[PDB]
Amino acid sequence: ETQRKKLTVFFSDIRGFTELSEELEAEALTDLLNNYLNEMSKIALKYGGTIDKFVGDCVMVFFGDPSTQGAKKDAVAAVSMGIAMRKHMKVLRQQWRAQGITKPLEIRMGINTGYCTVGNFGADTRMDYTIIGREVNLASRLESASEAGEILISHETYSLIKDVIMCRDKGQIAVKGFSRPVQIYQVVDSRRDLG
């Protein structure tokens, strides 16, 4: 049964991937995307996230449902997962460069925390447990605004993580579907990161 719950919601994609998909053999592309998605899946499991879906190279993970550590630990877990994924991308790039893939590929991420609706949604032979709401769309918009290599979070997320994860103010951006400007921050790796 569908509920309204405070979640931290994470989106990511690989900048450079679409270009890569127009020049790799289909089999090498399949293996590179699936390797990536499998490695990202393992990191999301480690950090306690709920993997929602993949849309090509786009990954959506949420924290706070079906279980929760409370809003602060859920947010710390989501951002720490992103820190960890960005570090693991360096490893994957080294592996890829060894297969002769040279074109640059970099993860970007958007994270927001707020109340979301969670439930089973879909058509009768095509149902999924997933989330919807403005706060879900705000995570997606942060991801769209982020630069290669950047993890962008909203002020609500920052408020939760600021004593334990190092951030830097990146101003306020124009987000379509958002009249008012939303405060954003970059997440910066530091000595006390959880991993």
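Residue numbers here begin at 1 and follow the sequence given.
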* Higher average CA B factor in the deposited record is what I'm after, so tell me if that's 46-54 or 25-33. => 25-33
* **9-17 versus 178-186 - greater average Cα B-factor per the deposited record** => 178-186
* Structure fact -> Looking only at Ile101, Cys116, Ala84, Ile111, the Cα with the top B-factor belongs to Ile101
* Structure fact -> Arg126: CA B-factor among chain residues, third -> highest
* Chain third (lowest, middle, highest) by recorded CA B-factor, residue given as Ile107 -> middle
